[PDB]
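Reading through the structure tokens given below for one structure.
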Amino acid sequence: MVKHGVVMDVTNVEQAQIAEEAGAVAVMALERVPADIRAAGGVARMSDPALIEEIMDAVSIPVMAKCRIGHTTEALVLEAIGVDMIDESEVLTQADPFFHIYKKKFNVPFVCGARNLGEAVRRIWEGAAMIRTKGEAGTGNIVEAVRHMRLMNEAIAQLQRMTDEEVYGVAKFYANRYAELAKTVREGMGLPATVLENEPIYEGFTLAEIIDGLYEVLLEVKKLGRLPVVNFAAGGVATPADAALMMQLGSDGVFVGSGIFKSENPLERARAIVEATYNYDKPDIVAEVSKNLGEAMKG
Amino acid sequence: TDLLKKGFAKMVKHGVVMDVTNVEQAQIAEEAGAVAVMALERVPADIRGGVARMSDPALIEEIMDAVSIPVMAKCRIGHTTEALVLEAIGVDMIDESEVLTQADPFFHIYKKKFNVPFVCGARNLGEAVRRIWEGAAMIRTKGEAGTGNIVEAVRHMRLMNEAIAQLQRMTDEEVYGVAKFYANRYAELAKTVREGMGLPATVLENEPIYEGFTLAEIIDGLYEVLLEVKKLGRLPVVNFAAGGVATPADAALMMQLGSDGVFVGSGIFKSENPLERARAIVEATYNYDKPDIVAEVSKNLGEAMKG
Amino acid sequence: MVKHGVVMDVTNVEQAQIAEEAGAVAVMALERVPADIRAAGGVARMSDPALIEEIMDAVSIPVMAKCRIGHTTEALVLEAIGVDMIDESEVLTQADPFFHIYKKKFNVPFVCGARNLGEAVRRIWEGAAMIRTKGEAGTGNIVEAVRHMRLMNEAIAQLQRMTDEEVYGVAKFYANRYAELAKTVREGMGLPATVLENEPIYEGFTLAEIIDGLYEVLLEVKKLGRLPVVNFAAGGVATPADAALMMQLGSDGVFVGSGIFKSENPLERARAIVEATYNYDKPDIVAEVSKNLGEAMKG
Ligand SMILES: [Cl-]
Ligand SMILES: [Cl-]
Ligand SMILES: [Cl-]
Ligand SMILES: [Cl-]
Ligand SMILES: [Cl-]
Ligand SMILES: [Cl-]
Ligand SMILES: [Cl-]
Ligand SMILES: [Cl-]
Ligand SMILES: [Cl-]
């Protein structure tokens with residue numbers, strides 16, 4: 001699993017090689033860049049396995065691929081063809097409106113997006129091995145990534161000031177999202193929209209067991225003062241300064257999709273973002289690589 | 001028929017039913033491995049600007065003569081006459097579908113008096129139970145035909161499975177309470193009419209409201225179907241997924257969610273390579289628990305549909 | 001512990017002996033009959049130990065004594081002088097407005113009043129060895145005893161139709177009464193009137209542990225189809241027919257306070273109620289003993 005660096009979105013062999021040449025730590029194989037996914041519209045699904053394999057053969061760095069949220073068979077396909085990591089992302093069209101994939105039963109690692117601590121804890125409990133503190137992919141606006149990293153940092157800072165009993169109270173609150181389907185159905189059957197805490201609602205787990213599960217993850221967060229899994233910033237990174245900004249905010253690394261290939265000079269731009277990510281604390285370097293970089297993505 | 005209706009349905013389970021608009025497609029569907037075809041003038045993706053009605057009987061007969069596998073056809077909801085026409089020309093099964101323009105805003109066809117079996121759509125348990133009590137021999141947990149977005153089909157199967165899981169934890173008295181709630185939909189016309197006559201929008205439970213049945217009798221009917229659902233832990237009839245199946249992985253997903261099979265409309269003929277695509281969906285449906293097979297048939301399929 | 005029969009309230013040696021002569025299964029020693037306690041007013045407390053001991057020496061049947069609700073030192077005194085059973089009753093002036101005595105740490109058995117299933121379960125969990133389904137002592141009106149026995153029977157009948165998961169939901173609901181003090185105090189400190197389920201609130205037990213505790217008692221009730229401890233009816237029994245009525249409703253026996261000594265012929269009246277309680281299913285006997293019984297308590 002990647003721990004530092006820049007993960008780049010690529011749509012073909014040429015881009016995958018450009019990414020590696022630039023210094024990417026890994027690539028994200030997909031048929032449509034996020035920026036083009038928001039505009040195009042339609043239903044964005046898992047990419048053709050043949051395209052992903054072609055990319056896997058074209059580079060010597062890890063290859064990631066995304067599947068729709070809740071689409072466990074798309075994920076089983078990506079695992080079967082051997083991708084290094086699956087990204088269950090909101091970038092694509094959600095397949096299951098109630099539940100995310102139960103990632104723990106898979107062998108391949110998953111990276112999941114999260115807008116706040118509650119989402120991160122829930123994704124981690126279901127099996128995520130890496131978290132993507134995302135904002136809004138395809139916009140080229142770093143504010144969304146910043147808003148969420150701020151929300152994440154503040155939530156963790158406040159969690160560290162709580163007693164375990166108060167942390168359990170947070171776990172209990174975060175667990176409610178899992179009972180949404182059960183309550184909706186009960187209402188549809190003419191009964192109150194409530195649930196018993198000892199009835200199965202997700203993968204055989206009862207609300208009570210889910211609470212204990214989120215509680216154990218929150219205790220890890222409290223002890224570490226951060227998420228217990230690698231956490232990269234994503235969505236909106238368009239310039240070397242944006243990348244460096246996310247690192248200063250505590251990100252372990254960054255994901256870049258539209259910012260590179262939707263800009264004027266992809267290779268040069270990519271190298272610059274890679275250098276800024278490794279030297280986020282060196283203004284002179286960030287400044288030099290941003291010099292004469294050319295047009296950046298609109299957004 | 002009674003036993004013959006469910007007899008036909010059990011032979012289509014585990015397979016893929018494909019929508020076709022002509023002899024060529026029907027034939028492609030057959031060589032692809034479809035268990036049956038759904039004949040119609042325009043696929044759901046195209047259906048969605050005007051009034052979509054039953055297809056010309058001549059077009060359906062041409063399709064029936066072009067293939068050796070069974071053929072189904074659609075009729076508008078509540079359109080008893082269209083259904084009677086389809087039965088007369090000999091289709092193997094009638095699909096009272098919401099993809100077509102609803103003809104009766106108050107009631108669905110009373111399917112029990114027909115000889116030919118019916119397949120009806122359902123968004124949740126309540127709808128499935130009412131369609132089944134009306135006579136449906138098959139249910140398709142519908143979603144959003146024509147969008148190529150599997151989310152709709154998933155939502156409804158999730159709702160169906162969760163409701164059935166909750167039903168099994170109830171006593172018979174509690175199930176009766178659910179049947180009572182489900183039956184209210186049949187009294188809508190009666191209440192609206194009473195209000196129009198200047199009286200409270202209420203109804204007496206012993207007055208006829210549907211096909212001669214009183215609300216009280218309808219509740220007992222729904223109650224009996226619910227008891228069957230409770231005993232079996234699933235619907236008492238074949239249940240297929242329908243909606244946005246556009247890829248082999250989508251079909252495999254529905255099967256893993258418990259579907260007995262899948263209906264594919266726009267996903268095949270609105271794609272780049274119809275025959276190849278159809279073949280891949282058929283194999284993915286038969287081997288939904290085989291990641292390697294699903295992956296294999298997904299490679300180099302070409303562009304799919306969207307919406 | 002008594003299992004059948006009539007328990008009578010006595011205020012002196014003469015009454016205690018009358019009670020035994022009549023056939024009482026045990027006596028309840030106190031300085032003021034309930035009917036006179038409601039009228040008199042003032043603060044009703046534990047009786048003088050000397051009076052209780054005099055009664056203990058005057059009879060050959062068990063002697064009970066009451067203490068104020070929550071008054072654990074009054075109870076420790078009754079235990080020290082050797083009473084056979086302590087009755088923590090609402091007949092006397094409540095001493096602790098938040099909690100009842102933690103009866104489990106005592107050696108002597110306790111009998112507690114209950115108006116409904118929730119109260120019975122809570123009293124049983126805190127240690128009660130016997131329950132008194134009471135209505136309104138001192139009134140001579142059997143309706144209060146009947147109302148509560150009806151409420152008790154119906155609640156148990158409905159509990160038997162529930163799954164364990166639903167029973168837990170009832171246990172959770174019944175447990176809330178214990179957090180009243182904690183919520184009041186938090187509000188007094190300027191914070192929301194809420195509590196964390198893992199913080200101590202009663203005898204070191206957290207709300208969560210109390211819930212599991214009430215849940216285990218409810219499972220016993222569900223399995224038995226009745227309370228897991230002896231259950232007598234009390235308050236309002238003034239005639240032989242009243243006693244027989246309570247037995248037909250499912251009572252294991254009856255407590256009689258005002259009905260006997262506040263009537264015209266105590267001894268004769270007491271014997272009649274004893275006979276009616278043992279032959280509650282024999283109208284001819286109930287009728288014969290009610291014949292020429294004389295004036296009954298007003299109320
Ligand atoms: Cl979430
Ligand atoms: Cl509960
Ligand atoms: Cl973190
Ligand atoms: Cl309906
Ligand atoms: Cl009526
Ligand atoms: Cl089913
Ligand atoms: Cl209480
Ligand atoms: Cl809590
Ligand atoms: Cl009882």
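Residue numbers start at 1 in each chain; chains themselves are named A, B, ... in the order of the structure tokens; ligands are numbered from 1 in the order shown.
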Select from chain B every residue with an atom at most 7 Å from any atom of chain A, then for each give the shortest pair of atoms and their distance in Å to one decimal, using only C-alpha atoms, rows by chain and rising number, as JSON lines.
```
{"residue": "B:149", "atom": "CA", "partner": "A:43", "partner_atom": "CA", "distance": 6.2}
{"residue": "B:150", "atom": "CA", "partner": "A:95", "partner_atom": "CA", "distance": 5.9}
{"residue": "B:151", "atom": "CA", "partner": "A:95", "partner_atom": "CA", "distance": 4.4}
{"residue": "B:154", "atom": "CA", "partner": "A:96", "partner_atom": "CA", "distance": 5.8}
{"residue": "B:155", "atom": "CA", "partner": "A:97", "partner_atom": "CA", "distance": 6.3}
{"residue": "B:159", "atom": "CA", "partner": "A:185", "partner_atom": "CA", "distance": 6.3}
{"residue": "B:162", "atom": "CA", "partner": "A:182", "partner_atom": "CA", "distance": 6.7}
{"residue": "B:163", "atom": "CA", "partner": "A:185", "partner_atom": "CA", "distance": 5.8}
{"residue": "B:178", "atom": "CA", "partner": "A:189", "partner_atom": "CA", "distance": 5.9}
{"residue": "B:181", "atom": "CA", "partner": "A:190", "partner_atom": "CA", "distance": 6.0}
{"residue": "B:249", "atom": "CA", "partner": "A:73", "partner_atom": "CA", "distance": 5.5}
{"residue": "B:252", "atom": "CA", "partner": "A:73", "partner_atom": "CA", "distance": 6.5}
{"residue": "B:253", "atom": "CA", "partner": "A:73", "partner_atom": "CA", "distance": 5.5}
{"residue": "B:291", "atom": "CA", "partner": "A:77", "partner_atom": "CA", "distance": 5.5}
{"residue": "B:292", "atom": "CA", "partner": "A:80", "partner_atom": "CA", "distance": 5.8}
{"residue": "B:294", "atom": "CA", "partner": "A:77", "partner_atom": "CA", "distance": 6.7}
{"residue": "B:295", "atom": "CA", "partner": "A:77", "partner_atom": "CA", "distance": 5.0}
{"residue": "B:298", "atom": "CA", "partner": "A:49", "partner_atom": "CA", "distance": 6.7}
{"residue": "B:299", "atom": "CA", "partner": "A:50", "partner_atom": "CA", "distance": 5.1}
{"residue": "B:300", "atom": "CA", "partner": "A:50", "partner_atom": "CA", "distance": 5.8}
{"residue": "B:306", "atom": "CA", "partner": "A:42", "partner_atom": "CA", "distance": 5.1}
{"residue": "B:307", "atom": "CA", "partner": "A:42", "partner_atom": "CA", "distance": 4.7}
```
Counting only C-alpha atoms, chain A residues within 7 Å of chain C, as a compact mmCIF listing (two decimals) with N, CA and C atoms, in the first residue's frame:
```
# COMPACT_ATOMS: atom_id res chain seq x y z
N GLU A 165 -16.40 6.92 27.81
CA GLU A 165 -17.85 6.89 27.89
C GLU A 165 -18.47 7.90 26.92
N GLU A 166 -17.82 9.05 26.75
CA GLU A 166 -18.33 10.05 25.83
C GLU A 166 -18.05 9.59 24.39
N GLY A 169 -20.67 7.39 23.23
CA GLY A 169 -21.84 8.16 22.85
C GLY A 169 -21.75 8.63 21.41
N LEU A 196 -35.08 -2.11 16.78
CA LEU A 196 -34.63 -2.73 18.02
C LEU A 196 -33.11 -2.84 17.84
N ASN A 198 -31.08 -4.98 18.84
CA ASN A 198 -30.55 -6.34 18.72
C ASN A 198 -30.99 -7.13 17.48
```
(Q) If we count only C-alpha atoms and set the cut-off at 10 Å, which residues sit around residue C:154, ignoring sequence neighbours fewer than 6 positions away in its own chain? Please answer as a PyMOL selection string. (A) chain C and resi 116-117+148
Q: as a ChimeraX atom specification, please: all residues of stretch 97-281 of chain C that backbone DSSP puts in helix (DSSP H, G or I).
A: /C:103-105,117-125,143-159,164-188,207-224,240-248,258-261,266-278
Q) Which residues form the shell of 8 Å around ligand 5 when you count only C-alpha atoms and all ligand atoms, given as an MDAnalysis selection string? A) chainID B and resid 203:206
Selected residues, N, CA and C atoms, written as a short mmCIF file (atom, residue, chain, number, x, y, z; two decimals), in the first residue's frame, please.
```cif
data_model
loop_
_atom_site.label_atom_id
_atom_site.label_comp_id
_atom_site.auth_asym_id
_atom_site.auth_seq_id
_atom_site.Cartn_x
_atom_site.Cartn_y
_atom_site.Cartn_z
N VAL B 203 -64.79 4.68 4.22
CA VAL B 203 -65.42 3.54 3.58
C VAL B 203 -65.80 2.50 4.64
N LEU B 204 -66.81 1.69 4.33
CA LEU B 204 -67.26 0.63 5.23
C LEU B 204 -66.50 -0.63 4.77
N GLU B 205 -65.98 -1.42 5.70
CA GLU B 205 -65.21 -2.60 5.30
C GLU B 205 -65.98 -3.75 4.67
N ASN B 206 -67.31 -3.67 4.64
CA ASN B 206 -68.09 -4.75 4.04
C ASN B 206 -68.78 -4.37 2.72
#
```
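With only C-alpha atoms and all ligand atoms counted, the chains near ligand 3 contribute these residues within 6 Å: residues 226, 227 and 231 of chain A.
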Kindly save the residues from that selection, with N, CA and C atoms included, as a PDB file, in the first residue's frame.
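result-v3.pdb, freshly written:
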```
ATOM      1  N   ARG A 226      -5.172  10.589  15.104  1.00  0.00           N
ATOM      2  CA  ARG A 226      -5.356  10.580  13.653  1.00  0.00           C
ATOM      3  C   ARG A 226      -6.063   9.285  13.255  1.00  0.00           C
ATOM      4  N   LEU A 227      -6.400   9.151  11.976  1.00  0.00           N
ATOM      5  CA  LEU A 227      -7.061   7.935  11.502  1.00  0.00           C
ATOM      6  C   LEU A 227      -6.048   6.789  11.536  1.00  0.00           C
ATOM      7  N   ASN A 231      -4.217   8.221   5.063  1.00  0.00           N
ATOM      8  CA  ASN A 231      -5.226   9.204   4.691  1.00  0.00           C
ATOM      9  C   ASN A 231      -4.706  10.249   3.704  1.00  0.00           C
TER      10      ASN A 231
END
```
Any chance you could list, as a PDB file with N, CA and C atoms, in the first residue's frame, the residues in stretch 25-248 of chain B that come up strand (DSSP E or B) when DSSP is run on the backbone?
```
ATOM      1  N   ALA B  36     -36.013 -16.450 -22.668  1.00  0.00           N
ATOM      2  CA  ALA B  36     -37.223 -15.944 -23.305  1.00  0.00           C
ATOM      3  C   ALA B  36     -37.016 -14.509 -23.759  1.00  0.00           C
ATOM      4  N   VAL B  37     -37.932 -14.017 -24.586  1.00  0.00           N
ATOM      5  CA  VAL B  37     -37.851 -12.647 -25.059  1.00  0.00           C
ATOM      6  C   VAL B  37     -39.139 -11.895 -24.754  1.00  0.00           C
ATOM      7  N   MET B  38     -39.008 -10.579 -24.666  1.00  0.00           N
ATOM      8  CA  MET B  38     -40.117  -9.684 -24.391  1.00  0.00           C
ATOM      9  C   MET B  38     -40.269  -8.852 -25.654  1.00  0.00           C
ATOM     10  N   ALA B  39     -41.302  -9.145 -26.435  1.00  0.00           N
ATOM     11  CA  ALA B  39     -41.543  -8.427 -27.680  1.00  0.00           C
ATOM     12  C   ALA B  39     -42.239  -7.096 -27.449  1.00  0.00           C
ATOM     13  N   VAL B  71     -42.186 -16.387 -25.651  1.00  0.00           N
ATOM     14  CA  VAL B  71     -42.316 -14.958 -25.913  1.00  0.00           C
ATOM     15  C   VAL B  71     -43.334 -14.278 -24.991  1.00  0.00           C
ATOM     16  N   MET B  72     -42.958 -13.118 -24.461  1.00  0.00           N
ATOM     17  CA  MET B  72     -43.827 -12.341 -23.585  1.00  0.00           C
ATOM     18  C   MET B  72     -44.153 -11.030 -24.285  1.00  0.00           C
ATOM     19  N   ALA B  73     -45.155 -10.323 -23.778  1.00  0.00           N
ATOM     20  CA  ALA B  73     -45.539  -9.038 -24.349  1.00  0.00           C
ATOM     21  C   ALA B  73     -46.106  -8.175 -23.235  1.00  0.00           C
ATOM     22  N   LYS B  74     -46.028  -6.866 -23.411  1.00  0.00           N
ATOM     23  CA  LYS B  74     -46.511  -5.946 -22.401  1.00  0.00           C
ATOM     24  C   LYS B  74     -47.877  -5.358 -22.693  1.00  0.00           C
ATOM     25  N   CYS B  75     -48.603  -5.051 -21.624  1.00  0.00           N
ATOM     26  CA  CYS B  75     -49.903  -4.415 -21.737  1.00  0.00           C
ATOM     27  C   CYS B  75     -49.896  -3.312 -20.684  1.00  0.00           C
ATOM     28  N   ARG B  76     -50.655  -2.254 -20.927  1.00  0.00           N
ATOM     29  CA  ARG B  76     -50.719  -1.151 -19.980  1.00  0.00           C
ATOM     30  C   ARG B  76     -51.406  -1.605 -18.695  1.00  0.00           C
ATOM     31  N   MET B  93     -46.566 -15.302 -21.771  1.00  0.00           N
ATOM     32  CA  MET B  93     -46.741 -14.580 -20.522  1.00  0.00           C
ATOM     33  C   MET B  93     -46.982 -13.109 -20.808  1.00  0.00           C
ATOM     34  N   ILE B  94     -47.847 -12.494 -20.011  1.00  0.00           N
ATOM     35  CA  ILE B  94     -48.160 -11.083 -20.174  1.00  0.00           C
ATOM     36  C   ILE B  94     -47.519 -10.269 -19.058  1.00  0.00           C
ATOM     37  N   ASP B  95     -46.924  -9.144 -19.435  1.00  0.00           N
ATOM     38  CA  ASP B  95     -46.284  -8.266 -18.473  1.00  0.00           C
ATOM     39  C   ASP B  95     -47.092  -6.976 -18.311  1.00  0.00           C
ATOM     40  N   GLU B  96     -47.870  -6.880 -17.233  1.00  0.00           N
ATOM     41  CA  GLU B  96     -48.655  -5.673 -16.957  1.00  0.00           C
ATOM     42  C   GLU B  96     -47.586  -4.722 -16.446  1.00  0.00           C
ATOM     43  N   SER B  97     -47.086  -3.873 -17.336  1.00  0.00           N
ATOM     44  CA  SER B  97     -45.976  -2.993 -16.990  1.00  0.00           C
ATOM     45  C   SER B  97     -46.169  -1.494 -16.896  1.00  0.00           C
ATOM     46  N   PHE B 118     -49.158 -13.994 -15.678  1.00  0.00           N
ATOM     47  CA  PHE B 118     -48.747 -12.592 -15.699  1.00  0.00           C
ATOM     48  C   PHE B 118     -47.506 -12.346 -14.858  1.00  0.00           C
ATOM     49  N   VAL B 119     -46.709 -11.368 -15.273  1.00  0.00           N
ATOM     50  CA  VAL B 119     -45.555 -10.946 -14.500  1.00  0.00           C
ATOM     51  C   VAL B 119     -45.867  -9.480 -14.175  1.00  0.00           C
ATOM     52  N   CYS B 120     -45.720  -9.093 -12.913  1.00  0.00           N
ATOM     53  CA  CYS B 120     -46.000  -7.714 -12.515  1.00  0.00           C
ATOM     54  C   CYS B 120     -44.802  -7.097 -11.811  1.00  0.00           C
ATOM     55  N   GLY B 121     -44.676  -5.778 -11.918  1.00  0.00           N
ATOM     56  CA  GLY B 121     -43.586  -5.083 -11.265  1.00  0.00           C
ATOM     57  C   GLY B 121     -43.958  -4.772  -9.824  1.00  0.00           C
ATOM     58  N   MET B 138     -45.627 -14.179 -11.485  1.00  0.00           N
ATOM     59  CA  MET B 138     -44.227 -13.799 -11.456  1.00  0.00           C
ATOM     60  C   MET B 138     -44.112 -12.329 -11.084  1.00  0.00           C
ATOM     61  N   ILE B 139     -43.050 -12.002 -10.363  1.00  0.00           N
ATOM     62  CA  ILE B 139     -42.812 -10.634  -9.947  1.00  0.00           C
ATOM     63  C   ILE B 139     -41.453 -10.164 -10.441  1.00  0.00           C
ATOM     64  N   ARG B 140     -41.370  -8.908 -10.849  1.00  0.00           N
ATOM     65  CA  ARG B 140     -40.084  -8.365 -11.235  1.00  0.00           C
ATOM     66  C   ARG B 140     -39.899  -7.123 -10.376  1.00  0.00           C
ATOM     67  N   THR B 141     -38.924  -7.192  -9.479  1.00  0.00           N
ATOM     68  CA  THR B 141     -38.624  -6.085  -8.591  1.00  0.00           C
ATOM     69  C   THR B 141     -37.979  -5.041  -9.484  1.00  0.00           C
ATOM     70  N   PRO B 208     -68.405  -3.716  -1.405  1.00  0.00           N
ATOM     71  CA  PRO B 208     -67.554  -4.163  -2.518  1.00  0.00           C
ATOM     72  C   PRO B 208     -66.728  -3.008  -3.076  1.00  0.00           C
ATOM     73  N   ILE B 209     -65.437  -3.228  -3.310  1.00  0.00           N
ATOM     74  CA  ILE B 209     -64.606  -2.162  -3.861  1.00  0.00           C
ATOM     75  C   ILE B 209     -63.710  -2.599  -5.021  1.00  0.00           C
ATOM     76  N   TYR B 210     -63.414  -3.892  -5.104  1.00  0.00           N
ATOM     77  CA  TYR B 210     -62.570  -4.398  -6.182  1.00  0.00           C
ATOM     78  C   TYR B 210     -62.982  -5.789  -6.633  1.00  0.00           C
ATOM     79  N   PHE B 213     -64.930  -7.924  -4.337  1.00  0.00           N
ATOM     80  CA  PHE B 213     -64.372  -8.193  -3.012  1.00  0.00           C
ATOM     81  C   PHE B 213     -64.522  -6.965  -2.109  1.00  0.00           C
ATOM     82  N   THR B 214     -64.836  -7.182  -0.834  1.00  0.00           N
ATOM     83  CA  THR B 214     -64.957  -6.074   0.118  1.00  0.00           C
ATOM     84  C   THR B 214     -63.574  -5.855   0.736  1.00  0.00           C
ATOM     85  N   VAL B 238     -41.839 -16.692  -8.586  1.00  0.00           N
ATOM     86  CA  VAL B 238     -40.545 -16.364  -9.165  1.00  0.00           C
ATOM     87  C   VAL B 238     -40.381 -14.846  -9.146  1.00  0.00           C
ATOM     88  N   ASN B 239     -39.202 -14.398  -8.722  1.00  0.00           N
ATOM     89  CA  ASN B 239     -38.898 -12.975  -8.598  1.00  0.00           C
ATOM     90  C   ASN B 239     -37.630 -12.586  -9.357  1.00  0.00           C
ATOM     91  N   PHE B 240     -37.802 -11.832 -10.441  1.00  0.00           N
ATOM     92  CA  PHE B 240     -36.692 -11.376 -11.270  1.00  0.00           C
ATOM     93  C   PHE B 240     -36.384  -9.912 -11.013  1.00  0.00           C
ATOM     94  N   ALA B 241     -35.139  -9.526 -11.267  1.00  0.00           N
ATOM     95  CA  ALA B 241     -34.730  -8.142 -11.100  1.00  0.00           C
ATOM     96  C   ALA B 241     -34.857  -7.499 -12.471  1.00  0.00           C
TER      97      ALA B 241
END
```
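The coordinates place atom CA of residue B:35 at 9.9 Å from atom CA of residue B:261.
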If you take only C-alpha atoms and all ligand atoms and a cut-off of 9 Å, which residues of chain B touch ligand 4, and what are their nearest atom pairs and distances in Å to one decimal, in chain and number order, as JSON lines?
```
{"residue": "B:107", "atom": "CA", "partner": "ligand 4", "partner_atom_place_in_ligand_line": "1 (Cl)", "distance": 8.4}
{"residue": "B:108", "atom": "CA", "partner": "ligand 4", "partner_atom_place_in_ligand_line": "1 (Cl)", "distance": 8.2}
{"residue": "B:122", "atom": "CA", "partner": "ligand 4", "partner_atom_place_in_ligand_line": "1 (Cl)", "distance": 7.9}
{"residue": "B:123", "atom": "CA", "partner": "ligand 4", "partner_atom_place_in_ligand_line": "1 (Cl)", "distance": 8.9}
{"residue": "B:126", "atom": "CA", "partner": "ligand 4", "partner_atom_place_in_ligand_line": "1 (Cl)", "distance": 7.0}
{"residue": "B:127", "atom": "CA", "partner": "ligand 4", "partner_atom_place_in_ligand_line": "1 (Cl)", "distance": 4.6}
{"residue": "B:128", "atom": "CA", "partner": "ligand 4", "partner_atom_place_in_ligand_line": "1 (Cl)", "distance": 8.0}
{"residue": "B:129", "atom": "CA", "partner": "ligand 4", "partner_atom_place_in_ligand_line": "1 (Cl)", "distance": 8.8}
{"residue": "B:130", "atom": "CA", "partner": "ligand 4", "partner_atom_place_in_ligand_line": "1 (Cl)", "distance": 6.3}
{"residue": "B:131", "atom": "CA", "partner": "ligand 4", "partner_atom_place_in_ligand_line": "1 (Cl)", "distance": 7.3}
{"residue": "B:182", "atom": "CA", "partner": "ligand 4", "partner_atom_place_in_ligand_line": "1 (Cl)", "distance": 8.6}
{"residue": "B:185", "atom": "CA", "partner": "ligand 4", "partner_atom_place_in_ligand_line": "1 (Cl)", "distance": 6.7}
{"residue": "B:186", "atom": "CA", "partner": "ligand 4", "partner_atom_place_in_ligand_line": "1 (Cl)", "distance": 8.3}
```
Write out the residues from the selection above, keeping C-alpha atoms, as an mmCIF file, in the first residue's frame.
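Dumped to out_4.cif:
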```cif
data_model
loop_
_atom_site.group_PDB
_atom_site.id
_atom_site.type_symbol
_atom_site.label_atom_id
_atom_site.label_comp_id
_atom_site.auth_asym_id
_atom_site.auth_seq_id
_atom_site.Cartn_x
_atom_site.Cartn_y
_atom_site.Cartn_z
ATOM 1 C CA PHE B 107 -56.863 -0.722 -10.432
ATOM 2 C CA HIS B 108 -54.544 -3.295 -11.964
ATOM 3 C CA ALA B 122 -43.186 -4.260 -7.581
ATOM 4 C CA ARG B 123 -41.177 -1.612 -5.731
ATOM 5 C CA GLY B 126 -46.794 -4.226 -0.250
ATOM 6 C CA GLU B 127 -46.925 -3.955 -4.033
ATOM 7 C CA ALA B 128 -45.711 -7.528 -4.545
ATOM 8 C CA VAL B 129 -48.350 -8.890 -2.186
ATOM 9 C CA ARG B 130 -51.143 -6.918 -3.867
ATOM 10 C CA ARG B 131 -49.995 -7.970 -7.366
ATOM 11 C CA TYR B 182 -51.608 -2.994 2.673
ATOM 12 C CA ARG B 185 -54.852 1.212 -1.317
ATOM 13 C CA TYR B 186 -57.893 -0.552 -2.803
#
```
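Residues in contact range of residue A:171, defined as at most 7 Å between only C-alpha atoms, with sequence neighbours fewer than 6 positions away removed, read residues 211, 214 and 215 of chain A.
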With C-alpha atoms kept, could you save the residues just selected as a PDB file, in the first residue's frame?
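Generated output (part.pdb):
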```pdb
ATOM      1  CA  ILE A 211     -21.912   0.541  17.822  1.00  0.00           C
ATOM      2  CA  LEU A 214     -17.410   1.956  15.600  1.00  0.00           C
ATOM      3  CA  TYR A 215     -16.478   2.487  19.237  1.00  0.00           C
TER       4      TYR A 215
END
```
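Closest approach to residue C:218 from the set C:105, C:132, C:269, C:172 is made by C:172, with distances taken over only C-alpha atoms.
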Q: Can you tell me which residues come within 9 Å of ligand 9 when counting only C-alpha atoms and all ligand atoms, ideally as a VMD selection string?
A: chain C and resid 131 133 149 152 to 153 156 221 224 to 232 250 to 252
